[PDB]
Every structure is written in C-alpha cells, then in structure tokens.
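Heads up: the sequence shown begins at 8 in the deposited numbering, then just goes up one per residue. C-beta: ideal position from N, C-alpha, C; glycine also.
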Amino acid sequence: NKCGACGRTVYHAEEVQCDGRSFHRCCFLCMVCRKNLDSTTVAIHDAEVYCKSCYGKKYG
Ligand SMILES: [Zn+2]
Ligand SMILES: [Zn+2]
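Written out as structure tokens, the structure is:
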C-alpha cells in the first residue's frame, strides 16, 4: 500500500517485503537512521528495520 518514506504506491513490482510493511523498490530505507538502502541486503531487529550499515555495526 504505502511506504514508510514517501507513502507512494508499493504494490507488487515497486515493493520489496520487509517484515510487516514494504517500502518502495528504489526508495528503500532504514527505519532507524534512514540510509539509502536498496537490494543490497536489509535487516530487521525487533519492531523496526535496520539497514545495511547500522545493523552490522550496532550488533556486529
Ligand atoms: Zn517510498
Ligand atoms: Zn541505518
């Protein structure tokens, strides 16, 4: 439905599933810091999305 960043239309093509929500395919982010995330990886920790950087550096 709606992305955490914009709130434009994530649907099928322009979404990647990340736990409960999806974000847009390009406009894909850390729910914490908000680094420019994409189809590198992604992570989840607890209730929020951690990106590539803050996941591997906070937790190792
Ligand atoms: Zn978006
Ligand atoms: Zn981050």
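Buried versus exposed, by CB contacts within 10 Å (16 or more), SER46
In the sequence shown, counting from the first residue as 1, residue 46 sits at position 39. Counting the other CB atoms within 10 Å of its CB gives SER46 a total below 16, which places it among the exposed residues.
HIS52 classed as buried or exposed, judged by whether at least 16 other C-beta atoms fall within 10 angstroms:
Sequence index remark: in the sequence shown, residue 52 carries index 45 (1-based). So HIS52 ends up on the exposed side.
Starting from the N-terminal side, write out each stretch of the beta strand (DSSP E) that is 3 residues or longer and does not extend beyond the segment 26–54.
Correct list: 28–31 and 50–52.
Using the C-alpha atoms, what's the distance from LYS65 back to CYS13?
Counted from its first residue, the sequence shown places residue 13 at position 6. Counted from its first residue, the sequence shown places residue 65 at position 58. Taking C-alpha positions only, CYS13 is separated from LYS65 by approximately 26 Å.
Are the CB atoms of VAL49 and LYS42 within a distance shorter than 9 Å?
Position 35 of the sequence shown, counted from the start, is the residue given in the question as residue 42. Position 42 of the sequence shown, counted from the start, is the residue given in the question as residue 49. Cβ atoms of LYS42 and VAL49: not closer than 9 Å.
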